[PDB]
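K.L.:
Structure: upload04.tsv, TSV, C-alpha atoms and all ligand atoms.
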chain	number	residue	atom	x	y	z
A	1	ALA	CA	11.28	-79.01	-10.40
A	2	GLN	CA	14.45	-80.73	-9.24
A	3	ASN	CA	16.68	-79.09	-6.54
A	4	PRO	CA	14.34	-76.16	-5.90
A	5	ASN	CA	16.43	-74.82	-2.98
A	6	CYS	CA	19.49	-74.62	-5.38
A	7	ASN	CA	21.76	-76.65	-3.15
A	8	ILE	CA	25.21	-77.67	-4.34
A	9	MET	CA	25.01	-81.32	-5.36
A	10	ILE	CA	27.78	-83.88	-5.14
A	11	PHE	CA	28.04	-86.71	-7.66
A	12	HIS	CA	29.83	-90.04	-7.50
A	13	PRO	CA	29.82	-91.45	-11.10
A	14	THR	CA	30.82	-95.02	-11.66
A	15	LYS	CA	33.64	-95.80	-14.07
A	16	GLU	CA	31.04	-96.59	-16.69
A	17	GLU	CA	29.20	-93.33	-16.15
A	18	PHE	CA	32.57	-91.51	-16.43
A	19	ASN	CA	33.01	-92.40	-20.07
A	20	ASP	CA	30.66	-89.97	-21.73
A	21	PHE	CA	31.28	-86.45	-20.42
A	22	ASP	CA	28.38	-84.71	-22.22
A	23	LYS	CA	25.92	-87.40	-21.13
A	24	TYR	CA	26.96	-87.05	-17.48
A	25	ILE	CA	26.61	-83.22	-17.50
A	26	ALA	CA	23.12	-83.67	-18.96
A	27	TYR	CA	22.39	-86.24	-16.20
A	28	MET	CA	23.50	-83.88	-13.46
A	29	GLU	CA	21.22	-81.18	-14.93
A	30	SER	CA	18.31	-83.69	-15.03
A	31	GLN	CA	18.73	-83.87	-11.25
A	32	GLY	CA	18.75	-80.07	-10.87
A	33	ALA	CA	22.46	-79.58	-10.27
A	34	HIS	CA	22.68	-76.41	-12.33
A	35	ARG	CA	20.26	-74.62	-10.16
A	36	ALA	CA	23.05	-74.18	-7.56
A	37	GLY	CA	25.49	-72.73	-10.08
A	38	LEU	CA	28.17	-75.23	-8.92
A	39	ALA	CA	28.44	-79.02	-8.56
A	40	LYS	CA	31.13	-81.34	-7.21
A	41	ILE	CA	32.08	-84.54	-9.06
A	42	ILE	CA	34.12	-87.18	-7.20
A	43	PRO	CA	35.79	-89.42	-9.83
A	44	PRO	CA	35.42	-93.22	-9.54
A	45	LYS	CA	38.12	-94.86	-7.46
A	46	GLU	CA	39.61	-96.55	-10.58
A	47	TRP	CA	40.39	-93.20	-12.24
A	48	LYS	CA	43.47	-91.08	-12.13
A	49	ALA	CA	44.52	-87.87	-13.88
A	50	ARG	CA	48.14	-88.91	-14.25
A	51	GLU	CA	50.55	-91.31	-12.52
A	52	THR	CA	52.41	-88.86	-10.24
A	53	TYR	CA	53.00	-85.16	-9.61
A	54	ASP	CA	56.69	-85.72	-8.80
A	55	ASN	CA	58.04	-84.06	-11.95
A	56	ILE	CA	56.16	-80.68	-12.18
A	57	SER	CA	58.67	-78.37	-10.53
A	58	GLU	CA	60.16	-77.08	-13.71
A	59	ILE	CA	56.93	-75.67	-15.11
A	60	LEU	CA	57.37	-71.84	-15.38
A	61	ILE	CA	55.05	-69.31	-13.92
A	62	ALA	CA	56.07	-66.46	-16.29
A	63	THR	CA	54.00	-63.77	-14.56
A	64	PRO	CA	53.10	-64.52	-10.93
A	65	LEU	CA	50.48	-62.10	-9.68
A	66	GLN	CA	50.60	-60.48	-6.19
A	67	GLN	CA	47.01	-59.88	-5.14
A	68	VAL	CA	46.86	-56.57	-3.30
A	69	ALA	CA	43.58	-55.74	-1.52
A	70	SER	CA	41.85	-52.42	-0.81
A	71	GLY	CA	38.67	-51.83	1.23
A	72	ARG	CA	37.33	-53.50	4.35
A	73	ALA	CA	37.60	-57.12	5.41
A	74	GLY	CA	34.26	-58.21	3.99
A	75	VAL	CA	34.07	-55.84	1.00
A	76	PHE	CA	37.28	-55.31	-0.97
A	77	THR	CA	38.85	-55.20	-4.37
A	78	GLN	CA	42.14	-56.71	-5.42
A	79	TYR	CA	44.60	-55.68	-8.07
A	80	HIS	CA	47.22	-57.87	-9.55
A	81	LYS	CA	50.82	-56.71	-9.36
A	82	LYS	CA	53.08	-58.55	-11.76
A	83	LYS	CA	56.15	-60.25	-10.26
A	84	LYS	CA	59.25	-61.80	-11.73
A	85	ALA	CA	59.02	-65.26	-13.25
A	86	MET	CA	59.52	-68.28	-11.16
A	87	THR	CA	59.33	-72.06	-11.49
A	88	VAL	CA	56.65	-74.16	-9.78
A	89	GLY	CA	59.40	-75.48	-7.45
A	90	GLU	CA	60.37	-71.93	-6.52
A	91	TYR	CA	56.70	-70.98	-6.05
A	92	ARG	CA	56.02	-74.02	-3.85
A	93	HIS	CA	58.92	-73.06	-1.60
A	94	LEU	CA	57.58	-69.49	-1.41
A	95	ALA	CA	54.03	-70.70	-0.58
A	96	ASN	CA	55.51	-72.83	2.28
A	97	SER	CA	57.63	-69.97	3.69
A	98	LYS	CA	56.77	-68.41	7.03
A	99	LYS	CA	55.52	-65.24	5.30
A	100	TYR	CA	52.97	-67.08	3.12
A	101	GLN	CA	52.16	-70.47	4.69
A	102	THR	CA	48.75	-71.50	5.93
A	103	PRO	CA	48.39	-70.76	9.71
A	104	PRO	CA	47.56	-73.35	12.23
A	105	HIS	CA	43.86	-74.07	12.24
A	106	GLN	CA	41.31	-76.52	13.62
A	107	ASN	CA	39.25	-77.33	10.57
A	108	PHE	CA	38.04	-75.80	7.32
A	109	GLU	CA	35.52	-73.57	9.10
A	110	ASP	CA	38.21	-72.10	11.36
A	111	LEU	CA	40.41	-71.43	8.33
A	112	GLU	CA	37.47	-69.80	6.51
A	113	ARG	CA	36.99	-67.48	9.54
A	114	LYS	CA	40.67	-66.59	9.47
A	115	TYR	CA	40.57	-65.93	5.69
A	116	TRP	CA	37.69	-63.45	5.98
A	117	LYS	CA	39.15	-61.78	9.05
A	118	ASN	CA	42.65	-61.36	7.73
A	119	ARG	CA	42.85	-61.63	3.95
A	120	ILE	CA	43.11	-57.94	3.27
A	121	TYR	CA	46.23	-57.57	5.44
A	122	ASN	CA	48.31	-59.78	3.23
A	123	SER	CA	49.22	-59.91	-0.47
A	124	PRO	CA	49.52	-63.56	-1.57
A	125	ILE	CA	51.08	-64.49	-4.96
A	126	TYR	CA	48.95	-66.50	-7.46
A	127	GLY	CA	50.27	-68.37	-10.54
A	128	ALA	CA	47.12	-68.05	-12.56
A	129	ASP	CA	46.00	-68.49	-16.03
A	130	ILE	CA	48.95	-70.56	-17.35
A	131	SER	CA	48.11	-72.30	-20.66
A	132	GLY	CA	48.78	-76.00	-20.32
A	133	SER	CA	47.62	-79.36	-18.91
A	134	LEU	CA	48.64	-81.88	-16.30
A	135	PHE	CA	46.35	-84.70	-17.59
A	136	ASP	CA	48.22	-87.66	-19.00
A	137	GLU	CA	47.48	-88.08	-22.69
A	138	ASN	CA	46.42	-91.60	-21.92
A	139	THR	CA	43.68	-90.52	-19.50
A	140	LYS	CA	40.58	-90.90	-21.61
A	141	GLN	CA	37.86	-89.91	-19.14
A	142	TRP	CA	37.34	-86.29	-18.04
A	143	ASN	CA	40.62	-85.18	-19.52
A	144	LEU	CA	40.24	-81.39	-19.61
A	145	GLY	CA	42.59	-81.13	-22.59
A	146	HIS	CA	40.35	-83.49	-24.68
A	147	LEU	CA	36.93	-82.00	-24.32
A	148	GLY	CA	34.67	-81.07	-27.24
A	149	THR	CA	35.39	-77.44	-28.14
A	150	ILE	CA	33.00	-74.54	-27.69
A	151	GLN	CA	33.52	-73.65	-31.36
A	152	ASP	CA	32.39	-77.11	-32.38
A	153	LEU	CA	29.38	-76.89	-30.07
A	154	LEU	CA	28.29	-73.56	-31.57
A	155	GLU	CA	28.74	-75.08	-34.97
A	156	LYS	CA	26.73	-78.18	-34.12
A	157	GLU	CA	23.89	-76.13	-32.58
A	158	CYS	CA	23.71	-73.16	-34.87
A	159	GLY	CA	25.47	-74.27	-38.08
A	160	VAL	CA	28.02	-71.47	-38.21
A	161	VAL	CA	31.68	-72.41	-38.45
A	162	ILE	CA	33.95	-70.02	-36.53
A	163	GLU	CA	37.65	-69.45	-35.80
A	164	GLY	CA	39.06	-69.95	-32.31
A	165	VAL	CA	40.44	-72.51	-29.98
A	166	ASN	CA	39.66	-73.70	-26.45
A	167	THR	CA	42.56	-74.92	-24.22
A	168	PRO	CA	42.98	-75.45	-20.48
A	169	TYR	CA	44.69	-73.30	-17.91
A	170	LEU	CA	46.77	-74.16	-14.81
A	171	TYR	CA	46.52	-72.33	-11.50
A	172	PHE	CA	49.18	-72.57	-8.85
A	173	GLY	CA	47.82	-71.20	-5.53
A	174	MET	CA	48.88	-70.48	-2.01
A	175	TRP	CA	47.14	-69.54	1.24
A	176	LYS	CA	44.78	-66.60	0.73
A	177	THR	CA	45.02	-66.54	-3.06
A	178	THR	CA	41.63	-65.37	-4.16
A	179	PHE	CA	39.26	-65.60	-7.08
A	180	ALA	CA	36.92	-62.65	-7.26
A	181	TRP	CA	33.16	-62.79	-7.89
A	182	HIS	CA	32.50	-63.59	-11.57
A	183	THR	CA	30.67	-65.60	-14.11
A	184	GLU	CA	32.57	-67.15	-17.03
A	185	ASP	CA	33.26	-65.36	-20.31
A	186	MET	CA	29.98	-65.39	-22.30
A	187	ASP	CA	28.38	-67.08	-19.24
A	188	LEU	CA	29.99	-70.41	-20.26
A	189	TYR	CA	30.37	-73.43	-18.05
A	190	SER	CA	33.66	-74.09	-16.36
A	191	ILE	CA	35.21	-77.28	-15.09
A	192	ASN	CA	38.04	-77.25	-12.52
A	193	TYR	CA	40.12	-80.17	-11.37
A	194	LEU	CA	42.21	-79.84	-8.22
A	195	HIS	CA	45.32	-81.85	-9.15
A	196	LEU	CA	47.24	-81.61	-5.92
A	197	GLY	CA	47.75	-79.89	-2.66
A	198	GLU	CA	45.57	-77.96	-0.28
A	199	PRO	CA	41.86	-77.31	-0.73
A	200	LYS	CA	39.93	-74.55	-2.50
A	201	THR	CA	36.80	-73.06	-0.89
A	202	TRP	CA	34.05	-71.89	-3.26
A	203	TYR	CA	31.09	-69.60	-2.88
A	204	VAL	CA	28.31	-69.52	-5.50
A	205	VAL	CA	25.05	-67.69	-6.26
A	206	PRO	CA	22.29	-69.69	-8.05
A	207	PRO	CA	21.94	-68.51	-11.67
A	208	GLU	CA	18.32	-67.57	-11.13
A	209	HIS	CA	19.49	-65.06	-8.49
A	210	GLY	CA	22.53	-63.65	-10.17
A	211	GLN	CA	20.99	-60.22	-10.67
A	212	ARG	CA	20.62	-59.92	-6.85
A	213	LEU	CA	24.33	-60.25	-6.50
A	214	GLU	CA	24.90	-57.68	-9.30
A	215	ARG	CA	22.60	-55.18	-7.57
A	216	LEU	CA	24.46	-55.58	-4.30
A	217	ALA	CA	27.76	-55.21	-6.07
A	218	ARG	CA	26.64	-51.92	-7.66
A	219	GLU	CA	25.72	-50.66	-4.17
A	220	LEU	CA	29.03	-51.78	-2.59
A	221	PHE	CA	31.32	-50.67	-5.37
A	222	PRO	CA	29.61	-47.49	-6.55
A	223	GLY	CA	32.56	-45.89	-8.44
A	224	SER	CA	33.24	-49.11	-10.28
A	225	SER	CA	29.57	-49.41	-11.21
A	226	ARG	CA	29.57	-45.91	-12.74
A	227	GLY	CA	32.67	-46.80	-14.72
A	228	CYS	CA	31.19	-49.93	-16.29
A	229	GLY	CA	27.74	-51.52	-16.51
A	230	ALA	CA	29.37	-55.02	-16.20
A	231	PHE	CA	32.21	-54.40	-13.87
A	232	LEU	CA	32.17	-57.83	-12.29
A	233	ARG	CA	33.68	-58.90	-15.64
A	234	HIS	CA	36.85	-57.23	-14.33
A	235	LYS	CA	37.20	-59.97	-11.80
A	236	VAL	CA	38.39	-57.79	-8.91
A	237	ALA	CA	35.55	-57.57	-6.35
A	238	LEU	CA	35.12	-59.61	-3.19
A	239	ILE	CA	32.13	-59.76	-0.85
A	240	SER	CA	32.18	-62.03	2.21
A	241	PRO	CA	29.58	-64.57	3.20
A	242	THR	CA	28.73	-62.47	6.24
A	243	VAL	CA	27.99	-59.47	4.00
A	244	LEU	CA	25.99	-61.57	1.56
A	245	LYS	CA	23.86	-62.92	4.48
A	246	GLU	CA	23.35	-59.39	5.85
A	247	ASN	CA	21.98	-58.34	2.47
A	248	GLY	CA	19.79	-61.40	1.87
A	249	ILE	CA	21.72	-62.70	-1.12
A	250	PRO	CA	21.14	-66.40	-1.76
A	251	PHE	CA	24.41	-68.38	-1.91
A	252	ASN	CA	26.09	-71.64	-1.01
A	253	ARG	CA	29.61	-72.71	-0.14
A	254	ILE	CA	31.66	-75.88	-0.48
A	255	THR	CA	35.31	-76.93	-0.16
A	256	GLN	CA	37.00	-78.81	-3.03
A	257	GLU	CA	39.84	-81.19	-2.18
A	258	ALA	CA	42.57	-82.66	-4.30
A	259	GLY	CA	41.26	-85.24	-6.73
A	260	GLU	CA	37.85	-83.60	-7.10
A	261	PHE	CA	36.15	-81.80	-10.00
A	262	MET	CA	33.94	-78.77	-9.74
A	263	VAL	CA	31.61	-77.62	-12.53
A	264	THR	CA	30.28	-74.10	-12.68
A	265	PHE	CA	27.07	-73.58	-14.68
A	266	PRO	CA	26.08	-70.74	-17.00
A	267	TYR	CA	25.57	-67.48	-15.14
A	268	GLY	CA	26.58	-69.04	-11.76
A	269	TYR	CA	28.54	-66.31	-9.99
A	270	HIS	CA	31.40	-67.76	-7.97
A	271	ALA	CA	34.33	-66.64	-5.80
A	272	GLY	CA	36.72	-68.40	-3.46
A	273	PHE	CA	40.16	-68.91	-2.00
A	274	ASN	CA	42.95	-71.41	-1.69
A	275	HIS	CA	43.94	-72.98	1.64
A	276	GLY	CA	47.61	-73.45	0.85
A	277	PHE	CA	49.93	-74.53	-1.96
A	278	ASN	CA	47.87	-76.24	-4.69
A	279	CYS	CA	47.53	-76.73	-8.40
A	280	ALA	CA	44.26	-76.66	-10.32
A	281	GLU	CA	43.42	-77.01	-14.02
A	282	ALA	CA	40.30	-75.44	-15.54
A	283	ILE	CA	38.66	-74.87	-18.90
A	284	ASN	CA	35.44	-73.43	-20.26
A	285	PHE	CA	32.93	-75.58	-22.10
A	286	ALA	CA	29.47	-75.35	-23.62
A	287	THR	CA	26.40	-77.52	-24.03
A	288	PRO	CA	23.20	-76.90	-25.98
A	289	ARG	CA	21.63	-75.32	-22.91
A	290	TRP	CA	24.39	-72.68	-22.80
A	291	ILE	CA	23.42	-71.07	-26.12
A	292	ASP	CA	20.59	-69.03	-24.64
A	293	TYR	CA	22.86	-67.80	-21.86
A	294	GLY	CA	25.54	-66.83	-24.32
A	295	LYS	CA	23.07	-64.72	-26.25
A	296	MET	CA	22.08	-62.80	-23.10
A	297	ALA	CA	25.50	-62.46	-21.40
A	298	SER	CA	26.53	-59.06	-20.26
A	299	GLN	CA	29.52	-57.54	-21.58
A	300	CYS	CA	32.27	-55.15	-20.40
A	301	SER	CA	33.03	-52.59	-23.15
A	302	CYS	CA	35.02	-50.10	-20.90
A	303	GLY	CA	38.36	-51.68	-21.74
A	304	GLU	CA	39.12	-53.31	-18.45
A	305	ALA	CA	37.99	-56.90	-19.04
A	306	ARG	CA	40.30	-57.73	-22.03
A	307	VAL	CA	39.86	-61.41	-23.02
A	308	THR	CA	40.94	-64.14	-25.37
A	309	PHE	CA	40.94	-64.20	-29.09
A	310	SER	CA	38.16	-66.79	-29.19
A	311	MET	CA	35.53	-64.60	-27.50
A	312	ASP	CA	35.39	-62.44	-30.62
A	313	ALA	CA	33.39	-64.97	-32.60
A	314	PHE	CA	31.03	-65.71	-29.72
A	315	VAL	CA	30.09	-62.00	-29.47
A	316	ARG	CA	29.99	-61.57	-33.22
A	317	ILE	CA	27.60	-64.46	-33.84
A	318	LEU	CA	25.51	-64.53	-30.66
A	319	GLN	CA	25.40	-60.78	-29.91
A	320	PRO	CA	25.77	-58.88	-33.24
A	321	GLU	CA	24.09	-55.72	-31.88
A	322	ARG	CA	26.73	-55.50	-29.10
A	323	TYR	CA	29.66	-56.50	-31.26
A	324	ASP	CA	30.90	-53.09	-32.44
A	325	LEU	CA	30.89	-51.55	-28.93
A	326	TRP	CA	32.44	-54.61	-27.34
A	327	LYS	CA	35.22	-54.82	-29.96
A	328	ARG	CA	36.08	-51.12	-29.35
A	329	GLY	CA	36.61	-52.13	-25.69
A	330	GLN	CA	39.00	-54.83	-26.88
A	331	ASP	CA	41.04	-52.23	-28.96
B	1	LIG	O1	40.58	-71.69	-9.35
B	1	LIG	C1	40.51	-70.44	-9.55
B	1	LIG	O2	41.33	-69.53	-9.19
B	1	LIG	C2	39.40	-69.83	-10.34
B	1	LIG	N1	38.67	-70.85	-11.13
B	1	LIG	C3	37.48	-70.59	-11.64
B	1	LIG	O3	36.86	-69.46	-11.55
B	1	LIG	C4	36.80	-71.67	-12.41
B	1	LIG	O4	37.26	-72.80	-12.50
B	1	LIG	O5	35.81	-71.25	-13.03
B	2	MG	MG	58.61	-79.86	-14.56
B	3	NI	NI	35.40	-69.20	-12.89
B	4	ZN	ZN	34.36	-52.79	-17.83
Any chance you could put this one into C-alpha cells?
P.N.:
Amino acid sequence: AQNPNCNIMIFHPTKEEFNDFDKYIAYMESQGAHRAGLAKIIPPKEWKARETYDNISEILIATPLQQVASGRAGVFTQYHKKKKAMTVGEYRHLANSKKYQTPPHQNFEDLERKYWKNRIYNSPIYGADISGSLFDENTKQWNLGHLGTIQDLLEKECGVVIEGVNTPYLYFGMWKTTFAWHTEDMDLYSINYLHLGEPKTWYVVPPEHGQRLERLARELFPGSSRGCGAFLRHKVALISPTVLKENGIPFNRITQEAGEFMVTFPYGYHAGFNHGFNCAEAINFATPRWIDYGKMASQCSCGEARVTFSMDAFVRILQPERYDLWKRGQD
C-alpha cells in the first residue's frame, strides 16, 4: 500500500505531465497521495496562470465577512458578520493597515505559534466565496475555470443526466482569516490555487481517520453536536494542532505559497489560516473514485449548512433515502 503513514505528498509535474488533469490526479493517487487527504502540486516552471495581477483592484467583494471567534484559543467557533461591500483595492489596503497586518515574525513556525495563541482576540475580514476566476482564458493547463464538471462525471459514471453547474470561487484573505474544519460538499475533491500574496497554512486529517476527528468534535462542541448530527458541515469549528495532538488525532500540516496548487481528497477534513493579504481560487471536482464517497457523505439537515443549487441533484441521485429530509433543511 502506497503512503501508509498518510503523509502529505508534493508533486512537481513536467509541462508534459501538466496537460492531462484527470490523468495526473490518477497518477498522484497511484502513489498514495490521497491517503493524506491533501497534496501539493508545484506547476512546471514554464506555466503561468495569467500574465500579471496588476489589474485586479476593481473586483468587488460584495459581502466581506468579519470572522468573530468564541471559546478558548485552541477550541473555538467563528461566526461571520456581514460587512459593507468593498473593492479588492480597498480590502488590500485594509489588510495592510496596522489593525490587520501580519505581525513581525521569524519564520512560518513562529507565525503559526502566534496564530494559535492570538487568533481569538481579533476579528479579521475575509472576502470569501466570490464566484469568478483569475485564470487567463488562454491558460490551457490546470485552468480551474475549464475543468470537467461534476455533473458530467456523474453522467459518465452512472448514466444519469442532471441539472447544475460547477464554477470556481475567489477568496481574498488577510492575516488570521480562517477556514474551519470541514470536508467538501458531498465529500468532493477540491483544488485551490494561491494566485498571489502571502501564504496559507493547512491542516488535514487522513480520510481513513476522519471519524476520529468527528468524535473529538462532538466532545468539544457538545451543544452543536446535539443540534445536528453533521455539524462540521456548518464550517464554524476550529481545533488547534496542540489539541489534536493531546487527543491522539492523526493529522498533518503544510504551508502553501503563491503559485502553488493544493488538492483536497474525498473525506479529507481540512482547516487553516492565511498569513497576510492573499488571493486564492478554488473549485470542487470529482473523479470515478469519488462516487462511493458521495454515496456515503454525511449530511446536515438542521438548516444551518445551506448550499448551492447543484448539490440537490447529487443528494437526489446518490442518496435518495436522505433526500426528503435534506431538502427540508434546504427550505
Ligand atoms: O482557502 C480557503 O479559505 C478554504 N479553501 C478550501 O477549503 C478548499 O480549497 O477546499
Ligand atoms: Mg479589477
Ligand atoms: Ni475546503
Ligand atoms: Zn446542521
K.L.:
So that I can see what lies close to residue 179 in chain A, please list as a PyMOL selection string the residues with an atom at most 8 Å from it, counting only C-alpha atoms and leaving out residues fewer than 5 positions away in the same chain.
P.N.:
chain A and resi 235+271-273
K.L.:
With C-alpha atoms retained, could you export that selection as a compact mmCIF listing (two decimals), in the coordinates of the input?
P.N.:
# COMPACT_ATOMS: atom_id res chain seq x y z
CA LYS A 235 37.20 -59.97 -11.80
CA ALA A 271 34.33 -66.64 -5.80
CA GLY A 272 36.72 -68.40 -3.46
CA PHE A 273 40.16 -68.91 -2.00
K.L.:
With a distance cut-off of 10 Å and all atoms listed in the file, select the neighbouring residues of range 219-231 of chain A, excluding the residue or stretch itself and same-chain residues fewer than 2 positions from it, and output the selection as a PyMOL selection string.
P.N.:
chain A and resi 71+75-77+182+213-217+233-239+297-305
K.L.:
Please dump the current selection as a PDB file, in the coordinates of the input; keep C-alpha atoms.
P.N.:
ATOM      1  CA  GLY A  71      38.670 -51.830   1.230  1.00  0.00           C
ATOM      2  CA  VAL A  75      34.070 -55.840   1.000  1.00  0.00           C
ATOM      3  CA  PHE A  76      37.280 -55.310  -0.970  1.00  0.00           C
ATOM      4  CA  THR A  77      38.850 -55.200  -4.370  1.00  0.00           C
ATOM      5  CA  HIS A 182      32.500 -63.590 -11.570  1.00  0.00           C
ATOM      6  CA  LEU A 213      24.330 -60.250  -6.500  1.00  0.00           C
ATOM      7  CA  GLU A 214      24.900 -57.680  -9.300  1.00  0.00           C
ATOM      8  CA  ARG A 215      22.600 -55.180  -7.570  1.00  0.00           C
ATOM      9  CA  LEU A 216      24.460 -55.580  -4.300  1.00  0.00           C
ATOM     10  CA  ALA A 217      27.760 -55.210  -6.070  1.00  0.00           C
ATOM     11  CA  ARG A 233      33.680 -58.900 -15.640  1.00  0.00           C
ATOM     12  CA  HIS A 234      36.850 -57.230 -14.330  1.00  0.00           C
ATOM     13  CA  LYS A 235      37.200 -59.970 -11.800  1.00  0.00           C
ATOM     14  CA  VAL A 236      38.390 -57.790  -8.910  1.00  0.00           C
ATOM     15  CA  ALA A 237      35.550 -57.570  -6.350  1.00  0.00           C
ATOM     16  CA  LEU A 238      35.120 -59.610  -3.190  1.00  0.00           C
ATOM     17  CA  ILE A 239      32.130 -59.760  -0.850  1.00  0.00           C
ATOM     18  CA  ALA A 297      25.500 -62.460 -21.400  1.00  0.00           C
ATOM     19  CA  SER A 298      26.530 -59.060 -20.260  1.00  0.00           C
ATOM     20  CA  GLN A 299      29.520 -57.540 -21.580  1.00  0.00           C
ATOM     21  CA  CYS A 300      32.270 -55.150 -20.400  1.00  0.00           C
ATOM     22  CA  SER A 301      33.030 -52.590 -23.150  1.00  0.00           C
ATOM     23  CA  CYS A 302      35.020 -50.100 -20.900  1.00  0.00           C
ATOM     24  CA  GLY A 303      38.360 -51.680 -21.740  1.00  0.00           C
ATOM     25  CA  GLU A 304      39.120 -53.310 -18.450  1.00  0.00           C
ATOM     26  CA  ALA A 305      37.990 -56.900 -19.040  1.00  0.00           C
TER      27      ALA A 305
END
K.L.:
Please, which residues have at least one atom within 12 Å of an atom of ligand NI 3 (chain B), using all atoms listed in the file, listed as a count of residues only?
P.N.:
45
K.L.:
Counting all atoms listed in the file, select every polymer residue within 10 Å of (28.3, -80.6, -9.5) as defined in the file's coordinates, and provide the selection as JSON, numbers by chain.
P.N.:
{"A": [7, 8, 9, 10, 11, 12, 25, 28, 29, 32, 33, 34, 36, 37, 38, 39, 40, 41, 42, 191, 261, 262, 263, 264, 265]}
K.L.:
What does the distance from CA of residue 127 in chain A to CA of residue 106 in chain A come to in Å, to one decimal?
P.N.:
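Separating CA of residue 127 in chain A from CA of residue 106 in chain A is a distance of 27.0 Å.
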K.L.:
Using Å and a single decimal, report how far CA of residue 19 in chain A sits from CA of residue 156 in chain A.
P.N.:
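Between CA of residue 156 in chain A and CA of residue 19 in chain A the gap works out to 21.0 Å.
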K.L.:
Grab the CA of residue 22 in chain A to CA of residue 287 in chain A distance for me, in Å with one decimal place.
P.N.:
7.7 Å
K.L.:
Which is closer to residue 199 in chain A than all the others in A:4, A:250, A:259, A:288, using all atoms listed in the file?
P.N.:
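Nearest to residue 199 in chain A: A:259.
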K.L.:
When distances are computed from all atoms listed in the file, which of A:155, A:321, A:112, A:17 shows the smallest separation from residue 254 in chain A?
P.N.:
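Answer, going by the shortest atom-to-atom distance: A:112.
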K.L.:
Point out the residue among A:46, A:58, A:20, A:331 with the least atom-to-atom distance to ligand MG 2 (chain B), counting all atoms listed in the file.
P.N.:
A:58
K.L.:
List every protein, DNA or RNA residue that has at least one atom no more than 10 Å from (39.1, -64.2, 4.0) in the file's coordinates, counting all atoms listed in the file, and write the result as number ranges by chain.
P.N.:
A: 73-74, 111-121, 176-178, 238-241, 272-274
K.L.:
List every residue of chain A that has an atom at most 8 Å from any atom of ligand MG 2 (chain B), and for each one report the closest atom pair and its distance in Å to one decimal, counting only C-alpha atoms and all ligand atoms, with rows sorted by chain and then by increasing residue number, as JSON lines.
P.N.:
{"residue": "A:55", "atom": "CA", "partner": "B:MG2", "partner_atom": "MG", "distance": 5.0}
{"residue": "A:56", "atom": "CA", "partner": "B:MG2", "partner_atom": "MG", "distance": 3.5}
{"residue": "A:57", "atom": "CA", "partner": "B:MG2", "partner_atom": "MG", "distance": 4.3}
{"residue": "A:58", "atom": "CA", "partner": "B:MG2", "partner_atom": "MG", "distance": 3.3}
{"residue": "A:59", "atom": "CA", "partner": "B:MG2", "partner_atom": "MG", "distance": 4.5}
{"residue": "A:88", "atom": "CA", "partner": "B:MG2", "partner_atom": "MG", "distance": 7.7}
K.L.:
Which is closer to residue 279 in chain A than all the others in A:133, A:151, A:3, A:70, using all atoms listed in the file?
P.N.:
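Closest to residue 279 in chain A, using all atoms listed in the file: A:133.
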K.L.:
Out of A:16, A:163, A:257, A:136, which residue has the shortest atom-to-atom distance to ligand LIG 1 (chain B) when counting all atoms listed in the file?
P.N.:
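Nearest candidate to ligand LIG 1 (chain B) out of A:16, A:163, A:257, A:136: A:257.
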K.L.:
Just the residues within 9 Å of residue 63 in chain A, please, counting all atoms listed in the file, with nothing from its chain fewer than 4 positions along; format it as a ChimeraX atom specification.
P.N.:
/A:82-86,127-128,130
K.L.:
Could you write those residues out with C-alpha atoms, as a tab-separated table (two decimals), in the coordinates of the input?
P.N.:
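Result saved to result.tsv:
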chain	number	residue	atom	x	y	z
A	82	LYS	CA	53.08	-58.55	-11.76
A	83	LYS	CA	56.15	-60.25	-10.26
A	84	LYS	CA	59.25	-61.80	-11.73
A	85	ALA	CA	59.02	-65.26	-13.25
A	86	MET	CA	59.52	-68.28	-11.16
A	127	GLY	CA	50.27	-68.37	-10.54
A	128	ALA	CA	47.12	-68.05	-12.56
A	130	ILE	CA	48.95	-70.56	-17.35
K.L.:
Go through A:1, A:150, A:170, A:313 and flag the residue nearest ligand LIG 1 (chain B), using only C-alpha atoms and all ligand atoms for the distances.
P.N.:
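Checking each of A:1, A:150, A:170, A:313 against ligand LIG 1 (chain B), counting only C-alpha atoms and all ligand atoms, the winner is A:170.
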